[PDB]
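*Asks:* here is my input, please return the structure:
(one chain, ligands or ions: 1)
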Amino acid sequence: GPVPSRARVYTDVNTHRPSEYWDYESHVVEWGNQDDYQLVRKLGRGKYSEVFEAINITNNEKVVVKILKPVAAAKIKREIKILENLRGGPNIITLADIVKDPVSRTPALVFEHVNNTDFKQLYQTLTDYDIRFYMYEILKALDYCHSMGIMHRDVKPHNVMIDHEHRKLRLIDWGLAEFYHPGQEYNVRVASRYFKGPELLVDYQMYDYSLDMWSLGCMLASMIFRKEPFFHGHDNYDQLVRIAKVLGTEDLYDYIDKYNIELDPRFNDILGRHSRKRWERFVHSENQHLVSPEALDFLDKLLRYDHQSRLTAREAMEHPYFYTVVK
Ligand SMILES: Cc1ccc(O)c(C(=O)O)c1
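*Replies:* Numbering: from 1, shown residues only. Provided below are the atomic coordinates:
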């Protein structure tokens, strides 16, 4: 069957820690007071929660309340533990409280206020400098959570909250996040279609932090090339074909050969034969001011089929693309 894989960094972070850290099922939730929070307006509803702008009446501060749907139980406890472990980390959303919602009778997570604007609202109109600046800020969040033994697994523009006026960023929605344990097989039904890594699309379960680096590369490609999304699949199958039209089929078959993966036979009639395209193929008069040799070299090193070959978050922070960013 498939050949096993291990992360090349932060491999054994969870193995050395006491079970209290990663055994989210044994965690005891310290319940706050639901009356401290007054709901103001509904911001949105996703698959697993409803999100509201609210006010913390004990200090008049604005907060965000995420009321969980009563679907999964193990999933709820995992999100709370991950948020508590990461609290105070660079550009990580701050969990302020956990209360029991009086109506839904489910946990409600209370977060520090952020502007009601996601990165998808701004990321197609940034300058070259601001793409570099904000990507460096996202990398600080990813290296921190990876160093803490956690993969986000849902990196996408909607999950990056930005306050452009204040040049501040937060990585949000840790509901799909998981503790990395070497040799563990994970569910491939994570991330949004356009940001899914080839490991998810070929059903390779022993993936790691590097999945977040492919999703980050998809975001960068969409920003520097002004193409939303960069890989525009009609479904999870066509998503891999769209990737193969850019990266080529030869490196795809080498990746599948290396990990001894059984590619779904559905692909035999749709994948075709494609050579790797040079990154200059995507450059045009409308995006050329966002492209540089450094941007293309950095993107090339994130968008690799082999998850073990992608830059790690710390390696990404060292790249020449960020030499222009004031630190
Ligand atoms: C601050 C904020 C806003 C919306 C959200 O959905 C989240 C979250 O899921 O963590 C956080």
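*Asks:* would you mind listing what in the protein touches the ligand?
*Replies:* Counting by Cβ under 6 Å from any ligand atom, the chain comes close to the ligand at 51, 64, 66, 93, 111, 114, 161, 172-173. Where you see a C-beta, it was placed from the backbone N, CA and C, and this is true even at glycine.
*Asks:* how is the protein divided into domains?
*Replies:* Following curated CATH domains, one finds the domains of the chain at 5-22+114-327, 23-113.
*Asks:* winner for burial among the ones you listed?
*Replies:* Highest mean neighbour count among the domains of the chain (mean count of other Cβ atoms under 10 Å): domain 5-22+114-327, with a mean of 18.
*Asks:* please state the offset of that domain from the chain centre?
*Replies:* Mean-position distance between domain 5-22+114-327 and its chain equals 7 Å (Cα atoms, centre = their mean, to the nearest Å).
*Asks:* now do the same end-to-end measure for it.
*Replies:* Start and end residues of domain 5-22+114-327 are separated by 35 Å (Cα to Cα, to the nearest Å).
*Asks:* stretch 318-327 too?
*Replies:* End residues of stretch 318-327 are separated by 12 Å (Cα to Cα).
*Asks:* for that stretch, which outside residues touch it?
*Replies:* With contact meaning Cβ atoms under 8 Å, 6 or more residues apart in numbering, stretch 318-327 is reached by 129, 132-133, 135-136, 292, 294-295, 297-298, 301, 311.
*Asks:* okay, and which of these map to helices?
*Replies:* Of those, the ones assigned to helices by DSSP state H are 129, 132-133, 135-136, 294-295, 297-298, 301.
*Asks:* would you mind giving the residues of the chain next to the ligand as a markdown table with secondary structure added?
*Replies:* Below are the residues of the chain next to the ligand laid out as a markdown table (DSSP: H, G, I helix; E, B strand; the rest coil):
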| residue | secondary structure |
| --- | --- |
| 51 | strand |
| 64 | strand |
| 66 | strand |
| 93 | coil |
| 111 | strand |
| 114 | coil |
| 161 | strand |
| 172 | coil |
| 173 | coil |
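*Asks:* columns distance to residue 191 on top of the residues you listed, output as TSV?
*Replies:* Below are those laid out as TSV (distance: Cβ to Cβ, whole Å):
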residue	distance to residue 191
51	19
64	22
66	19
93	18
111	21
114	22
161	18
172	15
173	12
